[PDB]
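Asks: Below is one structure. I have some questions about it.
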Amino acid sequence: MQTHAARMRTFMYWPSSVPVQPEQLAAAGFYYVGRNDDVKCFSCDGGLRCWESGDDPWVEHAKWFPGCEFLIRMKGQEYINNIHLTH
Ligand SMILES: [Zn+2]
Ligand SMILES: [Zn+2]
């Protein structure tokens, strides 16, 4: 699941009603585990579920798993710091 393309392949049967969708999820390191709206990061193994209207997969990645190596080398530490400045 190291590549954006491989992670996308898991999202073929992502539920239609979820207000967050595969392109943003897979970009943020997530792949679909095949149950409900549950996804996991390929790097930190953090899982997220219960996605809401307005959620951004990067923000949620930084909110819950700020020590993720993938996240730090993609968005940088300042981005992560800013997420926690206001939550
Ligand atoms: Zn991660
Ligand atoms: Zn915080």
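Please read every residue number as a count from 1 along the shown chain.
Cβ from N, Cα, C; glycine included.
According to Swiss-Prot, the protein carries these features:
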type    : residues           : note
BINDING : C41, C44, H61, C68 : Zn(2+) binding site
Asks: Below 8 Å Cβ to Cβ and six or more residues apart, same chain only. Which residues does that give for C44 (Zn(2+) binding site)?
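Replies: Same-chain residues close to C44 (Zn(2+) binding site) (Cβ under 8 Å, separated by 6 or more) are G29, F65, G67, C68, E69, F70, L71.
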Asks: CB neighbours of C68 (Zn(2+) binding site) within 10 A?
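Replies: Excluding its own Cβ, the number within 10 Å is 22.
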Asks: Using the recorded Zn(2+) site (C41, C44, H61, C68) as reference, state which further residues of the same chain have their Cβ within 8 Å of the centre of those residues' Cβ atoms, listed in sequence order.
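Replies: After dropping the recorded site residues, what remains is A28, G29, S43, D45, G46, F65, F70, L71.
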Asks: Long-range neighbours only, meaning 6 or more apart in sequence with Cβ under 8 Å: which ones does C41 (Zn(2+) binding site) have?
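Replies: Residues satisfying the criterion: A28, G29, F30, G47, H61, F65, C68, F70, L71.
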